[PDB]
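Accompanying notes for the structure given below.
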Amino acid sequence: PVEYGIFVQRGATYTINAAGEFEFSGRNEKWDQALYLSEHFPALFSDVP
Amino acid sequence: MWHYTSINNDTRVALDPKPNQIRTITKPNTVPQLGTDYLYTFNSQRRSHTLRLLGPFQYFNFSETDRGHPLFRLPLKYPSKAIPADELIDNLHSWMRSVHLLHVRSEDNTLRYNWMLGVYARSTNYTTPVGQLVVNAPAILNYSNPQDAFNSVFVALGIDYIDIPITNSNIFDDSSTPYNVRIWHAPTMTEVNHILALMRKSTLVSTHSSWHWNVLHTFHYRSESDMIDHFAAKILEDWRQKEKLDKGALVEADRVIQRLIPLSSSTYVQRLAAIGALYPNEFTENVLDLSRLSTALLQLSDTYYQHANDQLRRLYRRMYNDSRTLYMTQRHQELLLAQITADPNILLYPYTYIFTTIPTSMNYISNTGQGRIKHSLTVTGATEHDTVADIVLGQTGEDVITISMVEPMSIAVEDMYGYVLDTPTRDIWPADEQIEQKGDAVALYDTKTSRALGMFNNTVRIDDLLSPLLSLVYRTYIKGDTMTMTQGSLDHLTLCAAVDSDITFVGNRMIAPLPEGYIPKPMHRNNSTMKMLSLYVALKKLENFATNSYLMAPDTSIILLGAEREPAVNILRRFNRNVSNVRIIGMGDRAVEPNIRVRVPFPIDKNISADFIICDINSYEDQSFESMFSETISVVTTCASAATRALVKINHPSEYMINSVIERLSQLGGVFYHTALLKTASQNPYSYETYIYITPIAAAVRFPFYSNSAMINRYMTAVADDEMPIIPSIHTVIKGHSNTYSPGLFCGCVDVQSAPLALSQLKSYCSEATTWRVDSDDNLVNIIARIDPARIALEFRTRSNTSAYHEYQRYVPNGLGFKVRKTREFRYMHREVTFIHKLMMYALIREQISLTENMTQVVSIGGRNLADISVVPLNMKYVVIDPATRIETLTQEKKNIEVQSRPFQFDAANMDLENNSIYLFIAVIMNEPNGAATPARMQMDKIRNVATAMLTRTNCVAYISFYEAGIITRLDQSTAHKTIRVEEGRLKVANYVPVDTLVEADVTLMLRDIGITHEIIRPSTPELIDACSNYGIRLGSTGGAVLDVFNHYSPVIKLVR
Amino acid sequence: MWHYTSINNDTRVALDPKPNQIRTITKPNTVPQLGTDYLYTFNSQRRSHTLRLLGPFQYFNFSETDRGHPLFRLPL
Amino acid sequence: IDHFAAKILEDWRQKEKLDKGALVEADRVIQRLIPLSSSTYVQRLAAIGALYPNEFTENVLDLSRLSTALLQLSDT
Ligand SMILES: Nc1nc2c(ncn2[C@@H]2O[C@H](COP(=O)(O)OP(=O)(O)OP(=O)(O)O)[C@@H](O)[C@H]2O)c(=O)[nH]1
Ligand SMILES: Nc1nc2c(ncn2[C@@H]2O[C@H](COP(=O)(O)OP(=O)(O)OP(=O)(O)O)[C@@H](O)[C@H]2O)c(=O)[nH]1
Ligand SMILES: Nc1nc2c(ncn2[C@@H]2O[C@H](COP(=O)(O)OP(=O)(O)OP(=O)(O)O)[C@@H](O)[C@H]2O)c(=O)[nH]1
Ligand SMILES: C[S@@+](CC[C@H](N)C(=O)[O-])C[C@H]1O[C@@H](n2cnc3c(N)ncnc32)[C@H](O)[C@@H]1O
Ligand SMILES: C[S@@+](CC[C@H](N)C(=O)[O-])C[C@H]1O[C@@H](n2cnc3c(N)ncnc32)[C@H](O)[C@@H]1O
Ligand SMILES: [Mg+2]
Ligand SMILES: [Mg+2]
């Protein structure tokens, strides 16, 4: 629960920026496949420490 | 120094081991050592472990079997703290044993070992065709010519390329790699040209200007962003390297152009290649923030895409249109040519343009990293402003800037216990003087003293003023850090006042260590605690001046007549614990135990006596003057009768009150009373309350009555104020050249582009202005800038609005401050006493000057850096005659200020006083132009010359400041003079050489002999309140103790015609 | 000394951060420090723990998820 | 009642500083609350709180049970 809080505060998604930096959502939204084509990715697989 | 001087060399090839070393490249017998074999580190903030193998191993692919080793399990094993060095060394060593590269050692000295292929084949566990080739023919890894190292494997495999995974530099992160490198079979330059041209037909690939092992290799990125971070890291590398070559220093550069060439890439990479090629001045200036490097580069490419400079814009655009070409400066190309000369068959990128670099004259200021920039704004500059729009400063959070009402005073602990004396002057007290002084005293008391004086006396309490120092001493005693101090030292007293517990030394100069688990609470102090302590120290200093120990003598006693809790009685009882037989008691009408509760005058029955008495009596009740008078008189009467050394308080020290007290001591039979007015450093800075010091002496006291004494004038000059006290405003709008701002300070924030503008506008009021961005990513710059009246009196003399705006725009964006820490500005900053006395001088002379009619100009001889400018009205011309003054003909012409820049000639024949002029001689008469003090007879002589020279002029007014002799008599007996001294009987203000002082009587007699009209005036209390209000200054403690005796004894002669 | 001399000001508004600081108002990179970020104390007589967050955080509602964090389990 | 009493302490202290005439960074000129609807006992608290009785300056009341002291004071 604790690490989950620390992770999910960052956001459940992110977008790669035009500069290439990651930009996490900051929000705990449930993912939907409609997002798969959206700019967003799931945050678990960001591989960002 | 144009030509680049660099030894180019294939460092990656140099890193490849001779084959014989491969057997022991792991150094299996000996443990890996930090800083040689590896470089472990733990970023505790990020909580991220980072192990970096050194030497050949820095390039190392890991088989999944290698990852199954415990050494890689360690960072997960220690989420919080650093991996202990024993476990790191042991595990890394065992894994180092675990690795063994395939090789065939051979005698040839020309041979190397294809370490890349060796480790790679190992990491795949020899399942790739390269792995089979190596496992079957390990000798193929040996190579003489670096290129044929791969050509052998290509001809042997029949492939046109291999695609090697890249190493992650830290071995702990296992994250998927951004890209992989692809080694090509292209032995000739022509094959390389073909592979490049084909490479421009396919997505997300890029390559180096030249390749290691002289074999062509192309990066292939798994995503666009990965390419962007790669390109940015390389642009940093080439920019730094070119920065070293430009300085001309020899460099061991791996290749002349360290940055990448896109072959196929997105728009954003083509932008990166273009600004990267440009070598923009902005990198050398540190204008970009490197925290988010690629972003900075994108924005920079934006500014270049539509640059004001046509050359730079057309050059950037050209670089963007043909990104596959490698643009490079001519100085690079000559290096490339030298390299082609040394190694004729070397491969390097064929498509290249040699542009001429475009010079830019704009040197941006910069300094990344913590630290606010403390600007000193110029009054004027090259920029001409015209009707500048008002510059709103944004609201700022307390997360960034807090505004404490008063600056706590930084000070040595001993200085708190200093005090100043003022001995009586008058030999007699005529009855008419009694009626006059009583009239002034009753009239003053009946209408309460100045409201602004009260606002200051209550805003700046001594207790909160000394608080950080006392709490600091308590905080060090609690940690056990404090150790040595003398038994009688003032530091011992401060220690007794910092902590509730009894202290006992284990021996000389060594206090007892705290018992374990015991942390005694800080000693409780009301506002009058430190003051009572200082009056005690003053009593010990008055019994004899030689003493360093402040402990009472055995079989002696003291009383603190004013008492409630009376914490000082407790701190004193605790200070003298090792002394036998020392009675110490409070004795107020409000007294709590230990202190006895009793009214003063003492009951006829009760017997009270002591060798010392510190009265602090002060009725809370509002009362008629007759009752306050009789009460204070009876208080001093019993205080004198009960002790040989009373130290009575006087709440309303009018000349009438103190003199009546002396008349009362004169009335008592058979005991003549020496007496002196006194004021400690521990008193509230603005209190006019004074401690009269009574003591019998066998001789009758010549000159016992007071008249125009310093401590008294600190009180009586204060009176009901015509205007309401000036509350310090916090301005947020910076109008251009308004002159409408009340005393206080600008504070707030602005967008950083607007920052140079605001500095160009707040320069009109603020003399100096601190600024800072709070973060690299936060565009606003916070700005604090207090309003200096001297800067106003200077800048508003004429309507021109020039400033150094062109300099300030050099600052943006990194050049004007950075600080994450919250900053705490004060509405009332600390100042040394001499400066405040100077401002009181300026207030007195300015109010005196506004009264005069029809005066053409103010001539401040010895005016230094325009320091007297606050006095002179904005209309009349100002003139400086100080040799020390710097010349600024633009500022002089623009602000109506003539500057002689020559020594003044005091000889009467050389004198040239104009009619209708105001000649300022503020503390200039006492020194020679080189700074050596003039002898006092020479001072009185030059005063006599300025006096006689003015005798002819129809309208003129001199203001000759000088020091009265009496002050040396007072500072010989006082203690609270950290700045002022008395070296061999001469005054020594600030850092100036000691200077002999004039006597007031001989000077007034001399001016009577001259026949000139004269008046010896000094600044008053209201002038002090004016200085402190207008400047945003609080007086401080030692300054408040010495200011009365010092300012009263720096008279300003007022010659007039 | 009759007239009151006071600078009135909306301190609660002053406590509200500029929006840019909100990203780092937690100061996520660096540990909270006593007396600046928080003010812990333990009244041993009353046996009562008392943690008081400083700065903007002094005004802070807690989601029940926030209460499920171990930090709030400490006094027990 | 406890809220009103805490606010009466606050306004009494602040007014105690303004009466001494020292400059103060007060958040608002009258720190204490105004009942809009309340029981009798709160109306008493608002009344003595408004009075600024000499008894606070003299420390005649005991602050250990502040509201009670204020109720008795409103009685007197
Ligand atoms: N797997 C593996 N990769 C290597 C080896 N040597 C070099 N590389 C990779 O080759 C790429 C380009 O080679 P270099 O030109 O020597 O390295 P670089 O481009 O100057 O950048 P750095 O490797 O960070 O110093 C780099 O990204 C390295 O990761 C090796 O021995 N084994
Ligand atoms: N070389 C280069 N071209 C640019 C740049 N910015 C815009 N362009 C040109 O403008 C076209 C698209 O313009 P925009 O959509 O406004 O660019 P952008 O992606 O929004 O980037 P920004 O200008 O920072 O807002 C591109 O095809 C480019 O040719 C730049 O920074 N560098
Ligand atoms: N404003 C005010 N009115 C009071 C106070 N005490 C009594 N009264 C008046 O008296 C009426 C009721 O009197 P009591 O019943 O004796 O009051 P109480 O609640 O017993 O309180 P005590 O007088 O302390 O015994 C109320 O309606 C009030 O109008 C007081 O302290 N303040
Ligand atoms: C300004 S207070 C400071 C007292 C003491 N210095 C302390 O440690 O707090 C002076 C006290 O003297 C008391 N006092 C007033 N008139 C007195 C009198 N006539 N005789 C004895 N004490 C008196 C008052 O109660 C007042 O609280
Ligand atoms: C006390 S300082 C400046 C006076 C005043 N406090 C101020 O700041 O404007 C006096 C300066 O006058 C200069 N000075 C000394 N003798 C002078 C002389 N005979 N004529 C003109 N200037 C003199 C010295 O260089 C010295 O720095
Ligand atoms: Mg490299
Ligand atoms: Mg509040």
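Note that each Cβ is placed from the backbone with ideal geometry, even for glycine, and that neighbours are counted across all protein chains shown. Any read-out appearing in this document is the output of simple, stated calculations on the displayed coordinates, not a laboratory observation.
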For this session: With runs of 4+ DSSP H residues as the only contributors, calculate the mean residue ellipticity of chain B at 222 nm using -39,500 (n - 2.57) per run, divided by the residue total and rounded to the nearest 500.
Result: -10000 deg cm²/dmol
Seminar exercise, completed: Relative contact order in percent for chain B (Cα pairs under 8 Å, 6+ apart) equals 11 percent
Problem set entry | Summed residue charge, Cβ within 11 Å of B:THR378's Cβ, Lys/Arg positive, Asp/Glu negative | -2
Problem set entry | For segment B:368-1057: rounded, prolate or oblate by the Cα gyration tensor [a/c cutoff 1.5] | oblate
Problem set entry | Under-5 Å amide H pairs with B:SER557, H placed in peptide plane, nonlocal only | B:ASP611, B:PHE612
For this session: Quick one: grab the alpha carbon gyration tensor of the protein assembly as shown, order the square roots of its eigenvalues as a ≥ b ≥ c, and give me rounded if a/c is under 1.5, else prolate or oblate depending on whether a/b is larger than b/c.
Result: prolate
Problem set entry | On Cα atoms only, tilt of B:1000-1010 relative to the major axis of chain B in degrees | 80 degrees
For this session: Enter the angle in degrees (range 0 to 90, nearest 10) between the Cα long axis of helix B:85-98 and the first principal axis of the Cα atoms of chain B, meaning the one along which they spread out most.
Result: 10 degrees
Exercise. Where does the Debye-calculated log10 I(q)/I(0) of segment B:1-367 sit at q = 0.06, 0.07, 0.08, 0.14 Å⁻¹, using only Cα point scatterers of equal weight, no solvent?
Worked result: -0.26, -0.35, -0.46, -1.31
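Quick one: order B:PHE72, B:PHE818, B:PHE835, C:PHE60 by neighbouring beta-carbon count within 10 Å, fewest to most. Don't jump to the answer; show the numbers that get you there.
Details: B:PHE72 18, B:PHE818 21, B:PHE835 14, C:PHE60 8.
Listed from fewest to most nearby Cβ atoms, that is C:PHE60, B:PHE835, B:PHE72, B:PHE818.
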Exercise. Roughly what % antiparallel, to the nearest 5, for the DSSP beta bridges in segment B:368-1057?
Worked result: 55 percent
For this session: May I ask for the Kirkwood hydrodynamic radius of segment B:970-1054, worked out over all distinct Cα pairs and given in angstroms to one decimal?
Result: 14.9 Å
Problem set entry | Charge context of B:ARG112, other residues only, Cβ under 9 angstrom, K/R +1, D/E -1 | 0
Problem set entry | Entries of B:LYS763/B:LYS822; B:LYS988/D:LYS20; B:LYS978/D:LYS15; B:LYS531/D:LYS20; B:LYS448/B:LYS649; B:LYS81/B:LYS242 with Cα pairs more than 29 Å apart | B:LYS988/D:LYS20; B:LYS978/D:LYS15; B:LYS81/B:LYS242
Problem set entry | Beta bridges by DSSP in the protein assembly as shown, antiparallel share as percent, to the nearest 5 | 65 percent
Exercise. Tally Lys/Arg at +1 and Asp/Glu at -1 over every other residue whose Cβ is under 15 Å from the Cβ of B:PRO17; what's the total?
Worked result: +3
Exercise. In what sequence, highest mean first, do B:724-731, B:791-798 appear when ranked by Cβ atoms within 10 angstrom?
Worked result: B:791-798, B:724-731
Exercise. In whole Hz, what ³J(HN,Hα) sequence does segment B:1051-1057 give by Karplus (6.51, -1.76, 1.60; θ = phi - 60°), x for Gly and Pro?
Worked result: x, 9, 5, 10, 6, 8, 9
Exercise. Mind checking the angle between helix B:148-157 and chain B's longest principal axis? C-alpha axes, 0 to 90 degrees, to the nearest 10.
Worked result: 50 degrees
For this session: Set the Förster distance to 51 Å, then compute FRET efficiency between B:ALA342 and B:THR484 from the Cβ-Cβ distance, nearest 0.05.
Result: 0.15
Exercise. Tell me, what is the percent relative contact order of segment B:947-1057, built from C-alpha pairs under 8 Å that lie six or more residues apart?
Worked result: 45 percent
For this session: Over segment B:1-367, calculate the relative contact order: mean separation of alpha carbon pairs under 8 Å at least 6 apart, over the residue count, as a percent.
Result: 17 percent
For this session: Calculate, axis by axis, the spread of Cα positions in segment B:992-1040 along the three principal axes, and write the results as whole Å, longest axis first.
Result: 43, 28, 15
Exercise. Taking the Cα centre of each part, how many Å lie between segment D:1-67 and segment B:538-597?
Worked result: 38 Å
Seminar exercise, completed: To the nearest 20 debye, the protein assembly as shown has a Cα-centred charge dipole, built from +1 on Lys and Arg Cβ and -1 on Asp and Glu Cβ, of 1860 debye
For this session: Could you work out the mean projected area of the convex hull around the alpha carbons of segment B:19-67, in square nanometres to one decimal?
Result: 4.7 nm²
Exercise. Just from its helices, what would the mean residue ellipticity at 222 nm be for chain A, if runs of 4 or more DSSP H residues each count -39500 (n - 2.57) and the sum is divided by every residue, rounded to the nearest 500 deg cm²/dmol?
Worked result: -5000 deg cm²/dmol
For this session: Using a 10 Å cut-off on Cβ to Cβ distances, tally the other chain neighbours for every residue of A:16-26 and report the average as a whole number.
Result: 6
